[PDB]
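One chain is shown next in structure tokens, namely the form deposited in one PDB entry.
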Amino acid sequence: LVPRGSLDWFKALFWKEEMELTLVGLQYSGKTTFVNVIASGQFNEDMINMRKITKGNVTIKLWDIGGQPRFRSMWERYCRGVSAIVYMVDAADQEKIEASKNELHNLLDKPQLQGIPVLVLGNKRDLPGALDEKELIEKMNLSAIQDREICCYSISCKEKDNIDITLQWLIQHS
């Protein structure tokens, strides 16, 4: 009996969805850690920087943003058709926020990606002084993003905090 409403409950629901997503953000933001949590440490991975993660009916295109200039266009074009963009931010690394913001805004400035919902995740909320979702909406200038649905949650992969509401949001955007 999988406690209804538990994290395992949402994980099960999530993986059965036929869904493509991109998971992208600066290196060290917690993207690999996040996949490991939501996939319960079991998933398929194929290199394609870019990783194609598969589990259930779900495919995740995982990549670190701000990589080689020659591959940037290729990675952003590889995101065409996804149901959602999940943008991971290290909410406790104040000095990387400006780079994180600028890469997000440059990404959402790409044509093939028009209208795709974005979920910004302020990861590492467990660390003292980490930005909360209100502060991140502010520091990331999320209000400037007007041609799409954008949402922002404060989460902890380490303490498995708000991972459930993240899965629910993703399921809603199948």
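Residue numbers run from 1 along the displayed sequence. So that the term is clear: the rigid core is the largest set of C-alpha atoms that superpose within 1.5 Å between two forms.
One more form of this protein should be noted, the form deposited in another entry, which is absent from this view; the next part is about it.
**Request:** Select from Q27, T54, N106, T33 the only position whose Cα moves 2 Å or more between the shown form and the other one when the core is aligned.
**Result:** Single residue meeting the criterion: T54.
**Asked** Once everything's superposed on the core, is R70 shifted 2 Å or more at the Cα between the shown form and the other one?
**Response** Comparing the forms between the shown form and the other one, which are aligned on their rigid core, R70 does shift its C-alpha by 2 Å or more.
**Message:** Does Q42 shift between the shown form and the other one by 2 angstroms or more at the C-alpha, the core having been superposed?
**Reply:** Shift of 2 Å or more: yes.
**Prompt:** Do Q168 and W63 have their C-alpha atoms closer or farther apart in the other form than here, with the shift being 3 angstroms or more?
**Reply:** Note: Cα gap between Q168 and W63 shrinks in the other form.
**Item:** Direction of the Cα shift between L26 and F71 in the other form, where the change is 3 Å or more
**Value:** Compared with the shown chain, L26-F71 is closer in the other form.
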